[PDB]
Q: 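Sharing a structure here in structure tokens format.
Positions are given from 1, in the same order as the sequence printed here. Excluded from the calculations below are hydrogen atoms, water molecules and symmetry mates; all remaining heavy atoms, backbone and side chain alike, are included.
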Amino acid sequence: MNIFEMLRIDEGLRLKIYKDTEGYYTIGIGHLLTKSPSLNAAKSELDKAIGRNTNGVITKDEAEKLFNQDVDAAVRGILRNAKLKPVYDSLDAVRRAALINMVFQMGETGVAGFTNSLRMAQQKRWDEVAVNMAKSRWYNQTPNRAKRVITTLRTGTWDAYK
Ligand SMILES: [Cl-]
Ligand SMILES: [Cl-]
């Protein structure tokens, strides 16, 4: 298992513009297009991301291309982030993937808002991190996904995904 397979499971793959769990226009593998309520604005952002007149539909390859870019950006974002970098550096490989998943999903800002958990993560207090992270909108809104991510961070294994 790896970060790509991990996210692919959590996000799925859709070749047509769709609304995410929060109601935002998305496509491919969890690629947020826009927060605006306009399908057109959505269609606009899409063509611009893809480089062609898509008409709200993309191919598998195009989806995977956005995906690659998105994972890369998530990783780079973490590493440039003052609050995230040190956590990341302190973790093992599996747990790192968990942090990338979170950032992919909620943004650097969003993850950066889990201060207390991040600090505990650095201290390697696994059970406490999981408890704390469960106390969040994130967990209440997408519980199954959140549980998978939390288990990963807690245990350091891919069990939640096998
Ligand atoms: Cl883009
Ligand atoms: Cl869920």
Side-chain angles (χ1 to χ4, degrees), residues 1-85 87-89 91 93-115 117-118 121 133-134 136-153 158-162:
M1 168 86 41
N2 66 56
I3 188 57
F4 290 89
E5 300 171 346
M6 182 203 214
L7 278 169
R8 166 75 165 80
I9 283 163
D10 285 335
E11 296 287 354
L13 168 62
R14 300 197 60 188
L15 303 182
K16 193 123 359 185
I17 291 194
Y18 70 92
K19 291 196 204 230
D20 69 5
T21 75
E22 305 258 26
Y24 312 127
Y25 282 126
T26 307
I27 194 147
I29 295 158
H31 186 83
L32 172 80
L33 291 165
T34 179
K35 266 150 179 202
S36 126
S38 178
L39 174 60
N40 299 296
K43 274 148 92 124
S44 188
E45 287 299 315
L46 179 59
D47 294 335
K48 158 166 74 92
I50 302 296
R52 84 195 172 52
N53 240 89
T54 67
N55 192 38
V57 185
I58 61 174
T59 68
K60 188 127 166 152
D61 271 61
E62 279 168 344
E64 274 169 353
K65 190 158 198 222
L66 292 178
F67 187 38
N68 280 326
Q69 292 163 181
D70 292 347
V71 171
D72 198 51
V75 174
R76 263 162 325 104
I78 280 162
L79 309 155
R80 302 201 115 86
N81 194 307
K83 340 105 158 195
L84 303 177
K85 185 171 160 31
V87 182
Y88 185 86
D89 282 347
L91 302 162
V94 180
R95 289 187 175 85
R96 274 175 190 173
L99 197 69
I100 298 167
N101 191 306
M102 287 178 84
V103 171
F104 187 91
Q105 182 182 5
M106 69 201 138
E108 278 172 36
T109 302
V111 182
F114 279 65
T115 301
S117 302
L118 305 165
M133 291 180 147
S136 64
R137 175 182 215 266
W138 168 59
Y139 183 89
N140 288 103
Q141 300 303 130
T142 54
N144 289 327
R145 193 211 180 121
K147 306 209 194 69
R148 287 201 287 274
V149 181
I150 294 158
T151 295
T152 307
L153 197 43
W158 294 107
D159 302 356
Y161 287 86
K162 331 177 245 220

Q: Does some side-chain heavy atom of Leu118 sit less than 4.5 Å from a side-chain heavy atom of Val111?
A: yes
Q: Salt bridge check: are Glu108 and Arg80 linked by an N-O gap of less than 4.0 Å?
A: no
Q: Would you mind reporting whether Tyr161 and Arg148 have side-chain heavy atoms less than 4.5 Å apart?
A: yes
Q: On a heavy-atom basis, which atom in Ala74 and which in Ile100 lie closest, and how many Å separate them?
A: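 So the two residues come closest at CB-CG2, 4.1 Å.
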Q: With rounding to the nearest 0.5 Å, note down the distance linking NE2 in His31 to CD in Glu11.
A: 12.0 Å
Q: Begin from the C-alpha positions of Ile3 and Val75 and carry the test side chain to side chain contact (heavy atoms under 4.5 Å, CB included) through to its verdict.
A: CA-CA 10 Å; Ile3 188 57; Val75 174; over 6 Å; no
Q: If we only count heavy atoms from C-beta on, is the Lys60 to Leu13 side-chain gap below 4.5 Å?
A: yes
Q: Looking only at non-hydrogen atoms, find the nearest pair between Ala42 and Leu33 and report the distance.
A: O-CD1, 4.1 Å
Q: When rounded to the nearest 0.5 angstrom, what is the spacing between CD1 in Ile29 and CG in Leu7?
A: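 Spacing of CD1 (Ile29) from CG (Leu7) equals 9.0 Å.
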Q: Does the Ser44 side chain pair with the main chain of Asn40, one donor and one acceptor, at a distance under 3.5 Å?
A: no
Q: Quick one: does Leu99's side chain get under 4.5 Å of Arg96's, heavy atoms only?
A: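 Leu99 does not reach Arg96 side chain to side chain.
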Q: With a 4.5 Å limit on heavy-atom distance, are the side chains of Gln141 and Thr21 in contact?
A: no
Q: Taking the side chain as everything from C-beta on, heavy atoms only, tell me whether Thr115 gets closer than 4.5 Å to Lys83.
A: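 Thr115 vs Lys83: side chains apart.
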Q: Verify the neighbour count for atom NZ of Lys65: are there more than 12 heavy atoms of other residues, nucleotides or ligands below 6.0 Å?
A: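 For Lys65, atom NZ is not crowded (no more than 12 foreign heavy atoms under 6.0 Å).
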Q: Is the shortest heavy-atom distance from the side chain of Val94 to the side chain of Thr152 under 4.5 Å?
A: yes
Q: For the residue pair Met106 and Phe114, establish whether any side-chain heavy-atom pair is separated by less than 4.5 Å.
A: yes
